[PDB]
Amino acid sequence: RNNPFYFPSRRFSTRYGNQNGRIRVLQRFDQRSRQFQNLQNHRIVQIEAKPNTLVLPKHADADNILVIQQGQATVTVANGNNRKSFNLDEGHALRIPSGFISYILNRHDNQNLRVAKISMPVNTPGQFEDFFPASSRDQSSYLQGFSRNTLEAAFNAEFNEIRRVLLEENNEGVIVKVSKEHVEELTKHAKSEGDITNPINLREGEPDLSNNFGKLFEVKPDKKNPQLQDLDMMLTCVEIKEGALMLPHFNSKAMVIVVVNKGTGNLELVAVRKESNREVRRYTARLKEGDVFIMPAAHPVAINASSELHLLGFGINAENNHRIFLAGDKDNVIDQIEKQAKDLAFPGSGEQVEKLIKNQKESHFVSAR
């Protein structure tokens, strides 16, 4: 039929757009379906910026984690007393708290910058706004909302200087071209206290799962990553090779919003739903760059890569999650069922079952076909 778990990149709507770039926000997941109530406070944003461009300073009333999907950026985060600028490469993530100003430079000369954000609103479930201190074609300065006298006392200056220096619309919108020299100066302080936390490499150590057909890196809510711990969340980076298949599996407790960063493939997701009688229903999707889908906890999925597929996953309800497989040797929960219980449940004997299950001696990722 159709698939509530699949949001093609056409379901994103641009919030700000121009020659320089565009910030698109995926619709609220519970506008879709009541199945995604638990996911309503998580909005996905994708930013694309051209070379030598900057997304201008803003803060949001939402807690953010930002990931570089493609290219090189310098991201700067500021609070009331401090600032930190980080050179980020693809696969590096950075948390940006609510109310902290940030801006994003595309460091690269010829490559576009693609960035994925998960945004967690603080005031109203599933809704947030960006607050820009400068004016532009797309939006006014929030300082304009203050009265003339309030502004005059605040800055200790007349309304005329303030407006001309700060308030005026200055036009190309919220993503702007930057000179070669200016990019040099914006990058000067960059790194390759105060809740301004350092970036993390999603691919930092060994992958949890690795074979000739596929790779899975994961950062868990850990003593190692207290921020993830505070948010009960994990960050996952999957690489499936062209012609490979990630075996049927599921996450035991985590719900995962998956973004497709590069490549093409085919999603299989199995659910149990009410017609009283409960039926297995299969859901499929032709995955493409920019797409998003939702992997609910405990629901089987398998993914087939028609080209090299790169998937970034934001997990919710992460703590103690187990990614459990249904085939192959490693992490195979069916293997773990007692023989005698295999005999009673399946049509084959326990011996047949165990024999058939051991046919597949590879784990996790295999050759499609």
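The numbering used is simple: start at 1 and walk along the sequence shown.
Colleague: Do any residues of the deposited sequence lie unmodelled between residue 139 and residue 140, and which range holds their number: none, 1 to 3, 4 to 9, or 10 or more?
Modeller: According to the record, the chain runs unbroken from residue 139 to residue 140.
Colleague: Please classify the coordinate gap between residue 275 and residue 276 in terms of deposited residues: none, 1 to 3, 4 to 9, or 10 or more.
Modeller: Per the deposited record, the segment joining residue 275 and residue 276 lacks coordinates for 10 or more residues.
Colleague: Compare the mean C-alpha B-factor of 34 to 42 with that of 62 to 70 as given in the PDB entry, and name the stretch with the higher value.
Modeller: In the deposited entry, the stretch with the higher C-alpha B-factor mean is 34 to 42.
Colleague: Which has higher Cα B-factors on average according to the PDB entry: 251 to 259 or 203 to 211?
Modeller: Per the deposited B-factors, the answer is 203 to 211.
Colleague: Among 105, 167, 267, 294, where is the Cα B factor highest in this entry?
Modeller: Of the options given, 167 has the highest CA B-factor in the PDB entry.
Colleague: Quiz for you: based on the deposited Cα B-factor, which of 150, 197, 98, 124 is highest?
Modeller: So the option with the highest C-alpha B-factor is 150.
Colleague: Sorting the chain's CA B-factors, does residue 84 end up in the lowest, middle or highest third?
Modeller: Within its chain, residue 84 is a middle-third residue by C-alpha B-factor, going by the deposited values.
Colleague: Hey, what third does residue 322 fall into on Cα B-factor, ranked over its chain?
Modeller: For residue 322, whose C-alpha B-factor we compare with every modelled residue in the chain, the answer is the lowest third.
Colleague: What third of the chain, by the recorded C-alpha B-factor, contains residue 222?
Modeller: Within its chain, residue 222 is a middle-third residue by C-alpha B-factor, going by the deposited values.
Colleague: C-alpha B factor of residue 283, ranked within the chain: lowest, middle or highest third?
Modeller: Ranked within chain, residue 283 CA B lands in the middle tercile.
Colleague: What third of the chain, by the recorded C-alpha B-factor, contains residue 134?
Modeller: Its C-alpha B-factor belongs to the middle third of this chain's values.
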